[PDB]
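In structure tokens, the next block holds one chain alone, the form deposited in one PDB entry.
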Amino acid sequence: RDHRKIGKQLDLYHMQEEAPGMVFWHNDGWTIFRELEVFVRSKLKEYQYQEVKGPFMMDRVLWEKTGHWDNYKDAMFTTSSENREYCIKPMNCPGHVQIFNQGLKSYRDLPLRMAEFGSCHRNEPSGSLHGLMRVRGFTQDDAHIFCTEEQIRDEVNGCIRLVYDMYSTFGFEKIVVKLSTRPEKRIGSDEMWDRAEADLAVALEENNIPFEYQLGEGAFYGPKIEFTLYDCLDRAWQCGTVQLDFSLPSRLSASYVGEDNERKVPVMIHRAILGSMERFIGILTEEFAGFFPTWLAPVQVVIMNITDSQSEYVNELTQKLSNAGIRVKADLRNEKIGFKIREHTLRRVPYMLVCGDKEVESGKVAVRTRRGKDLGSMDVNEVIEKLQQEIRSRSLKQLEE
């Protein structure tokens, strides 16, 4: 179930020598990416997050202030313009603080949950690159929550609940959690680390999550909870993550007026639920072996005619399903129906509707699935409603199975 092989076979993406670790998302792969964005956004609305977009690069000076230059320089790409040096962003946090810093903030504005599908670039050693799992350019379903110390418990718990909420949709049987503590190179005092590490351990236990410590693997700015998912060879990949930061906001001069009218520095919680779209799609591709649940399938339905006699009917049905919000395509090629069915089956299209004369006269469609199940003739409106239900619910199972 190598996602690199499935990606090629289903025409999802490709990579080349001229752009090591850089993904070229083909139409079908990009459709999956976009559907995941829709899913995340639905949750961003439910869990009350703003959504922003920061710049691709910022002056080296800013990255020096955050501690990224001294603790993360080897992973950063740099460029220049008019005698000034810039770092292509490896993280979205600094840009979020810049947005937070615009306009006076009050305790009444906290917690302020700021999300972004942020494109990050990291100069990963070429020898460590691996398909979609470890790339140099990726998009994180990132967010930074600015809050008070008293709000930490509730906000971290909210992030944890969001992870299991979203992961439940995919039916992940194996989710391993780790708590990564203070690394050798770090910012912040030992006292701050004691408190932050304790806050995350308490959160994990209060949520009934068994976890193991991963000494010295925390971020330079804070400890981190790692939600590990596994590929087909059972290799561990860090996907979701929650990090507790008491240092970056201060370094970037973030503050708010407290209920006491005094200037305070907000705590910042960093979290990514899927991790990166690239890595998450890599995990899903191997988990489903290419049989993506209908709500995620690049093409959900393909309608085929037996002969030119049913072409008009097929076009009408295709427009009807399309107007119903289904990703559907008509296959009116001059090929044998058995040839068309095999092609789409190999592409793992969830449903294939075949239209012969009896279907046209009947106003029905012959339905079969990529698994080879023959559902027989069904009423068009019946199939539309069943499909909409499967899609809307993001069900892992297809009609009857």
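The term rigid core refers to the maximal set of C-alpha atoms that superpose within 1.5 Å between the two forms. From 1 onward, residues are counted along the sequence shown.
What comes next is about the form deposited in another entry, which is not displayed.
Problem - Of the candidates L110, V257, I326, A201, the only Cα that travels 2 Å or more between the shown form and the other one, given a rigid-core fit - result: None of the others reach 2 Å, which leaves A201.
Exercise for the section: Would you say whether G171 is displaced between the shown form and the other one, judging by a C-alpha shift of 2 Å or more on the superposed rigid core? Expected result: Where the cores coincide, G171 shows only a C-alpha shift between the shown form and the other one that is less than 2 Å.
Practice task
Could you tell me whether the Cα atom of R153 shifts by at least 2 Å between the shown form and the other one after core superposition?
Solution key: No, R153 moves less than 2 Å.
Handout entry: Rigid core superposition, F280 Cα moves 2 angstroms or more between the shown form and the other one
Key = No; that C-alpha moves by less than 2 Å between the shown form and the other one.
Exercise for the section: With a shift of at least 3 angstroms, figure out whether the C-alpha spacing between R122 and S189 grows or shrinks in the other entry: closer or farther? Expected result: Their C-alpha distance grows by at least 3 Å in the other entry.
Handout entry: Closer or farther: C-alpha pair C232/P20 in the other entry, relative to this form, given a change of 3 Å or more
Key = Between the C-alphas of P20 and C232, the gap widens in the other entry (3 Å or more compared with this form).
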